[PDB]
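**Student:** Handing you a structure now.
Neighbour counts run over all protein chains shown; Cβ positions are idealised from the backbone, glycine included. Derivation of every value follows stated rules applied to the coordinates shown; laboratory data play no part.
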Amino acid sequence: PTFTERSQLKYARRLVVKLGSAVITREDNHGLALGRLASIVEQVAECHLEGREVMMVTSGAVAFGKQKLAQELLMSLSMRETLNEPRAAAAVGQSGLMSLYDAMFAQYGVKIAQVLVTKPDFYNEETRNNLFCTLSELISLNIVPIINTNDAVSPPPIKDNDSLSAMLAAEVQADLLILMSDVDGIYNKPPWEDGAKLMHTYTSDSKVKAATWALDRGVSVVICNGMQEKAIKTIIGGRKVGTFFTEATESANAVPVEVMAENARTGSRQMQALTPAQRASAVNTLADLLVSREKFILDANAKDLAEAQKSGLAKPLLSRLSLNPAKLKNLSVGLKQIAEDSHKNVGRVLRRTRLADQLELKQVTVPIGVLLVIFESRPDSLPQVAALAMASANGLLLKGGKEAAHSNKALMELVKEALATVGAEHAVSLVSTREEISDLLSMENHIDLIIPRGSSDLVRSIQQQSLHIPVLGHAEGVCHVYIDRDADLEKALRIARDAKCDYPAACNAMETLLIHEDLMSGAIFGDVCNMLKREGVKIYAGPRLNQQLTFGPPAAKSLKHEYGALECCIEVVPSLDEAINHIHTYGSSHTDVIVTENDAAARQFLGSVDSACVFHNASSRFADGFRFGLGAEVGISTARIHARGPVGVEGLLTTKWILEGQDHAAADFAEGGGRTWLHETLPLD
Amino acid sequence: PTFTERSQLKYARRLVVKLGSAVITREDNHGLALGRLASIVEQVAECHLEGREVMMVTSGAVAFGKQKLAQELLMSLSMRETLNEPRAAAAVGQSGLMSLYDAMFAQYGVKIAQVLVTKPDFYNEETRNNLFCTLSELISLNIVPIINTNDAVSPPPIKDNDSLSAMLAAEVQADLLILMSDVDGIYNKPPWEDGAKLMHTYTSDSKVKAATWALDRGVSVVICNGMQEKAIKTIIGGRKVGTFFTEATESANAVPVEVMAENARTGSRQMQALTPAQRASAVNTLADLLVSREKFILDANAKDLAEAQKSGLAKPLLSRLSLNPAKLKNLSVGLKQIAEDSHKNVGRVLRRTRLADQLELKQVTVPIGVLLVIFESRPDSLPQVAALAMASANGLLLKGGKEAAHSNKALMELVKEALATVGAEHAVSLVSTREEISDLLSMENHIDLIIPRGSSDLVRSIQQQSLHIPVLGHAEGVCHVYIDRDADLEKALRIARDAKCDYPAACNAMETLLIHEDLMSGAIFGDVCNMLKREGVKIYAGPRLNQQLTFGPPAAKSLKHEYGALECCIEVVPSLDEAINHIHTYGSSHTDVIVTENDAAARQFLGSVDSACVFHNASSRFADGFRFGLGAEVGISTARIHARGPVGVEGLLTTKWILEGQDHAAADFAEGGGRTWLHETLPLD
Amino acid sequence: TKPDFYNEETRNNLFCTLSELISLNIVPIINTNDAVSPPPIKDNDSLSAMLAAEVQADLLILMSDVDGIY
């Protein structure tokens, strides 16, 4: 079986389609699946005019024949009686079906040739070889030999069209093999069972038996879904459809998906009972080991970035690939601060209240569970997020990028060691090297939270891709600035300086500007535009300014665009309320800032604006959590739930209600029992 | 235009398909869209063998003709030169295409008849009438007259195949009209613009001009997507595809969708500045008005439930339709408690911390925004959830069921009045009466949170349906009970009593049981089974018990089933840890309870179990929030984020970071400026 | 094929099949499976004779090249 991977399909030369009887007929048994049939034939004529070697093996003649025979038998009775067989249908259907195929194909210039066979024809070797050389000749002549079994005179380990197709594919020595059947694939139990798990690849029934048999002779077998649209062009498209069949890539190559997740769940439950300074000691040891074997990891990083450099794929990426013992020291000290602050994050009380005699309760913090972080290779965060997990005592699934994968593996074994030290388990599992983002993205019930961290491309591709799963992270940092008629100019000057000039590539970086039109005449417009020129900032403009000015800067494509570089649209309005309108109209509710000296307008703004965060005489670059004294954050959430913007450690917990009644019961508290409600909010511990 | 609604399509008799040239050819311009063509023809033969009156109007002859002509022109040159027109292609394609259609149709018994026309043929009235009677005759004879324009000798408000189709449909006086075109529908601007809004129904360009023209003569026009699979059988299926065209159902009938949402957003922002006892006074007035006009609402409820009773659709539903001044008093007093407790839920500080000189911040509570509650008609919650909203000061979208819709309208006008009293706006909007759950379910960026409250059918249908939107509510209440070898029996007896017997129909009701096998020999098994018989409880069993006992109760279908009635699987294991395993294996992490007298095992359980809530010597029916002294809850969340189980008012807020710096800036705090981090946690206000 | 006449069961299946077809007002255009198994049946002619016998038909027409016999 030369081919082994669903990219290698691009290069199959000789392939053998095989349609099932379910494909041809409908459920009404009143015709054909003409749409499906002609679709298959169009795909085959395409993939053959390409140059490939293709030879269908049909089926379902008897169904068509039965339709025809029934109609005739109706049409041949006495009108009196109207007022109250394998071989026959076989032959009739064979004729009509060949005619139909022939018209359809000749619509594409190609030519066909019926070839009927029987079972004993395989037992005579000479017959077998005559058939073989015949088929090879036909194919060599650019012909599409539509094979079938001579059921018309001799109905039938060849016991079907399927085993037939297998034996053929072997003898013909073809590349591929497609059993376009009724069902869509394979599971470890019927759909009306437990374990509806698709066998997108198959390691190592009648269908499956033939699959085994043939696959043991050099062919590469597939099984698709007959009713699955654009089947063949997509299988050749390489995309994972149906149950591909190849040999094993066992855990020596990769644990498939889940065992990692469940191992992580288990170890999370383990460390759940390992609170008091256990994980603190763990992160202490981890920072130590980070500063103790950096030479190894420095050299791994150096070599891996040097390897990636020959590709030269992305200057931002290749620059983030920088790693030096300065960053190592920064990571170590941040992790030390994590160890410090992470003392009593978990298992902490929130409420203390009694309802009845000896009937108290509380609502206690608790890890979230299985976390899947995803990020372009910025390996500096790997130990960061690992420390976050092991402080929060929740498991963590890891999947970065192919870049720096070796350095990532180094960091991974580092942290795995440091955790196995105390924790009794590597309650963490990395996986990389072609981890089919969409697939595990679709998998549910084990993962909890998607944490994209790489860059805006990642978060976008996720949001558009992610479906039915808690995600995090913003989509784009379309910040907004407003300056009031009650604001000194140089303030706004240095403010816009720190705003745009500081790091235009940031996510939380400003990309717009809004000014009270009243003060437009105060030369401040010119001041700021000239300052932007001092920084060489591309300036766009909007309808209000274009109306206002004569020559002016160029226009703007769309108010809801982001640049990431020295480009910032600028608009101007009269009304603070109008500012509210515009912001809410375009802004991502991500960030905002007010520069003014009156609080009345300022506080009205603040109370009215619905950003993720608002400010006063400050900088959008303040949005880093670490700047908030929040400790090591994990990301920036614009989602309307559970967390806003700076997401520290607490954004990685939930609560759990616990109660200890004596013998209490619900109906007991009703008037039928001497039980009351107290709701005395006991002072939390 | 007799037909007006996408259910009425079931009854079209005479319809006129019309394919566009994009449908027939591919992009390679190297053949036909044989799959698409045969699919269309299969659909037409189906919908015609049904009995309908159908007559296609094709196009794209010239493309096919161009393919043929090019091939010929190649095949007719000197081999030397190979080493370095409307009408022609028109006629050739016409011939070949008619042949193809004919073979395809004759595959289904029907018969066709080419009919070519020209433009001037419509200007001669006699010609027009001859054509008309001819067509009527053909149709009457069960023939499928594939019309087309005589472009072969005379190429061309008839200026296309489209206007042609319109004029025909008018003259023929047909029911429907389908312009299966390239694009999928209509928006108020091109897709590469702003306003990609589908025109699923159209109120009141060349295509659109013809649509207007024809629709003004009694026909019902549609526009589908040529490449859209199973087009016609689905349009006839009635389902909303493409831009249906009918007359207006203006706001006098219904505001479409969004204006409600935006009105609500606005009014929410209004009431956002109306905190101090304003909304408290509002709910006071609302409870008053609830107790002041109940006679009106009692009679509306009575009449509406009497109307629904003639249907007799669901005893649980019809029983929940009960409404009486006792429930009215209960609602009023609960709303009074809401008024009481809802004082300072919103706009409250959470943190108080300074980072640098005059650089402080805080993180303040804030409404969530647009809430969409969905529920089978249990109108008792309408004022409940309304009070929740108006206490939380967040807007609310309402959509219940068709049942009690009039009583719901009564409650709606009640609360709308009470809100307009003070609040300056009806910051709330109901919508019911066929509100296309899936549609607004798909709409984003305005709604925030889906709150299903009706019953488990609703929450299920939602979860399976809901996509990319914050939802709430559990899926099923698969609770679990464990009794330990260190637990007195009668305790567990009364516990299981209150557990199952109290209300087996509850969501938070137990449906399983687990017991330490050690104590199985203590007759407690018999005690509880006999007690269940005293309550007539259907008893199932599992593998461990089936092994253990000889005759025993019947088995269980699936451990992950729910009953809602007197049915409860029962299993038995030795290990508390095994209990953990089984629970985590099947449980919805929804609820659990431990009855025992030793805390060591108990506390190990508690710390280890990952339910949404856990207990000790208590009842699963305790899970109501109101029982928790939590005040009026809204639902029960099993989602792993932001809220667990009992979701009070606080589960309807978020936070917002605010800052007031003096002139501070990010780069200012770097070593290049004399700024430091303080992170002094000021005592919160 | 040729061997199909040597198996009696095959012969009788073929026979009842043909009778059924004819009874159904169908025109069974017979031929020999020369496509996989080229060949007193040694032609289409002896074939036609054996058939006409087995089918028990009235007439038999061998429309051949020449016009007759001398």
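**Student:** Considering amide H positions built from the backbone, and no H for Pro or chain starts, which residues 5 or more places from A:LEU449, or on another chain, come under 5 Å of its amide H?
**Tutor:** Close amide H contacts, sequence-distant or interchain: A:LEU372.
**Student:** So which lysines pass the test for B:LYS303, namely a Cα distance under 16 Å, with those fewer than 8 places away in the same chain ruled out?
**Tutor:** Answer for B:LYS303, where 16 Å is the Cα cut-off: B:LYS295, B:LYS402, B:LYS409, listed by chain and number.
**Student:** To check my understanding: the extent here is largest minus smallest coordinate of the Cα atoms along each principal axis. What are those three numbers for the stretch A:328-417, in Å, largest first?
**Tutor:** 61, 25, 21
**Student:** Let me ask something else about it. Using DSSP to call loops (not H, G, I, E or B), can you name the chymotrypsin sites (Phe, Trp or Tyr not before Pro) in the stretch B:621-655 whose Cβ has at most 15 other Cβ atoms within 10 angstrom?
**Tutor:** Working: sites: B:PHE622, B:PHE626, B:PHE628; in loops: B:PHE626, B:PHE628.
Here the chymotrypsin sites (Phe, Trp or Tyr not before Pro) that fit, given the DSSP loop and packing criteria, are B:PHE626.
**Student:** How big is the charge dipole of the protein assembly as shown about its Cα centre, in debye rounded to the nearest 20, if each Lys and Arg gets +1 on its Cβ and each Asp and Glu gets -1 on its Cβ? Display every interim value, and only then the final one.
**Tutor:** Values: 141 positive and 175 negative charges, 287 e Å.
Charge dipole of the protein assembly as shown: 1380 debye, to the nearest 20.
**Student:** So, one more: Enter the mean number of other protein chain beta carbons within 10 Å of the beta carbon of each residue in B:644-650, as an integer.
**Tutor:** Numbers: counts 6, 4, 2, 0, 0, 0, 0.
Partner Cβ neighbours, averaged per residue: 2.
**Student:** How do the peptides A:325-333, A:33-41, B:187-195 rank, highest first, by the average count of neighbouring beta carbon atoms within 10 Å per residue? Show your work: numbers first, answer last.
**Tutor:** Working: A:325-333: 15.0, A:33-41: 24.0, B:187-195: 10.3.
Per-residue mean Cβ counts within 10 Å order the peptides as A:33-41, A:325-333, B:187-195.
**Student:** Count, for each residue of A:350-362, the Cβ atoms from other chains sitting within 10 Å of its Cβ, then give me the mean as a whole number.
**Tutor:** Across A:350-362, the average partner-chain Cβ count within 10 Å equals 2.
**Student:** On average, how many beta carbons from a partner chain sit within 10 Å of the beta carbon of a residue in A:34-47?
**Tutor:** Working: counts 13, 12, 4, 5, 11, 7, 2, 3, 9, 2, 0, 3, 4, 0.
Shielding by partners across A:34-47 averages 5.
**Student:** Give the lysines whose C-alpha is closer than 27 Å to that of B:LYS197, dropping any in the same chain fewer than 8 places away, or say none.
**Tutor:** A:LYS557, A:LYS560, B:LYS10, B:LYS18, B:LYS189, B:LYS207, B:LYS209, B:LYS230, B:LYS233, B:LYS240, B:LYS399
**Student:** How large is ³J(HN,Hα) for each residue in the stretch A:244-259, as worked out from phi by the Karplus curve 6.51 cos²θ - 1.76 cosθ + 1.60 (θ = phi - 60°), to whole Hz, x for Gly and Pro?
**Tutor:** Karplus values, whole Hz, x for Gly and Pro: 4, 10, 9, 7, 8, 10, 3, 3, 3, 8, 6, 5, x, 9, 7, 3.
**Student:** Next up: Please give, to one decimal in nm, the separation of the simple spin-label points placed at B:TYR123 and B:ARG485, each 7 Å out from Cα toward the Cβ.
**Tutor:** Each label point is offset 7 Å from its Cα along the Cβ direction, giving 10.4 nm.
**Student:** Here's something else I'd like to know. Once the Cβ-Cβ distance between A:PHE296 and B:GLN465 is put in as r, and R0 is 51 Å, what FRET efficiency do you end up with, to the nearest 0.05? Don't jump to the answer; show the numbers that get you there.
**Tutor:** Values: r = 52 Å, r/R0 = 1.02.
The calculated FRET efficiency here is 0.45.
**Student:** What list do you get for B:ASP527, B:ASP151 if you sort them by fewest beta carbons within 10 Å? Write out the running numbers ahead of the final one.
**Tutor:** Details: B:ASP527 15, B:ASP151 22.
If I rank by nearby Cβ atoms, fewest first, I get B:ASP527, B:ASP151.
**Student:** Taking loop as defined by DSSP and a crowding limit of 13 other beta carbons within 10 Å, which chymotrypsin sites (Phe, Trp or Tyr not before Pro) in the stretch C:1-30 fit?
**Tutor:** For chymotrypsin sites (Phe, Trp or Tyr not before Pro) across the stretch C:1-30 that sit outside H, G, I, E and B with at most 13 neighbouring Cβ atoms in 10 Å, the list reads C:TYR6.
**Student:** Quick one: A:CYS568, B:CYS501, B:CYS479, B:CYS133, fewest Cβ neighbours within 10 Å first, how do they rank?
**Tutor:** Working: A:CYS568 23, B:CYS501 16, B:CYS479 29, B:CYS133 10.
So the ranking, lowest neighbour count to highest, is B:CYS133, B:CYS501, A:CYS568, B:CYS479.
**Student:** In whole Hz, with x marking every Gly and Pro, tabulate ³J(HN,Hα) for the stretch C:44-57 from phi via Karplus 6.51 cos²θ - 1.76 cosθ + 1.60, θ = phi - 60°.
**Tutor:** Per-residue couplings from phi come out as 6, 7, 3, 3, 4, 4, 4, 4, 3, 4, 4, 5, 6, 9 Hz.
**Student:** So, one more: For the stretch A:509-570, what's the relative contact order in percent, using C-alpha pairs closer than 8 Å and at least 6 residues apart? Don't skip to the end; give the middle numbers.
**Tutor:** Values: 56 pairs, mean separation 29.4, N = 62.
In percent, rounded to a whole number, it is 47.
**Student:** Also, I was wondering about something else. By counting other Cβ atoms within 10 Å of each Cβ, how are A:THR596, A:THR82 ranked from fewest to most?
**Tutor:** A:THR82, A:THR596
**Student:** Could you go through the stretch B:360-376 in sequence order and give the Karplus-derived ³J(HN,Hα) for each residue, using 6.51 cos²θ - 1.76 cosθ + 1.60 with θ = phi - 60°, rounded to whole Hz, and x for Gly and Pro?
**Tutor:** 10, 7, 7, 9, 10, 4, 6, x, 8, x, 9, 10, 10, 8, 9, 6, 3
**Student:** Name the long-range amide H neighbours of A:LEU659: under 5 Å, sequence gap of 5 or more, or other chain; modelled H, no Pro or chain starts.
**Tutor:** The list, which skips near neighbours in sequence, is B:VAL614, B:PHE615, B:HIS616.
**Student:** Determine how many Å³ per residue the convex hull of the Cα atoms of the stretch B:494-550 encloses.
**Tutor:** Working: hull volume 5.6 nm³, N = 57.
Normalising the Cα hull of the stretch B:494-550 by residue number yields 99 Å³.
**Student:** Summing -39500 (n - 2.57) over the DSSP H runs of n ≥ 4 in chain A and dividing by its residue number, what mean residue ellipticity at 222 nm do you reach, to the nearest 500 deg cm²/dmol?
**Tutor:** Values: 23 runs with 265 residues, N = 685.
Helix contribution divided over all residues of chain A: -12000 deg cm²/dmol.
**Student:** If you don't mind, there's one more thing I want to ask. Under 17 Å Cα to Cα from B:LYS329, which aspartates and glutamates show up? Leave out anything in the same chain fewer than 8 places away.
**Tutor:** By straight Cα distance, B:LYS329 reaches B:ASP288, B:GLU294, B:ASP299, B:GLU340, B:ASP380.
**Student:** Moving to a separate point now. All other residues with a Cβ under 15 Å from the Cβ of A:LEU198 taken together, and with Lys, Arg as +1 and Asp, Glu as -1, what is their net charge? Walk me through the numbers before you get to the answer.
**Tutor:** On the way: positive: A:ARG6, A:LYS189, A:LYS197, A:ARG239, A:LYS240; negative: A:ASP184, A:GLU193, A:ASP194, A:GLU258, A:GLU436, A:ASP439, A:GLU444.
Net of charged neighbours comes to -2.
**Student:** Once amide H atoms are built 1.01 Å from N in the peptide plane, which residues 5 or more positions from B:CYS568, or in another chain, come under 5 Å H to H?
**Tutor:** B:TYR540
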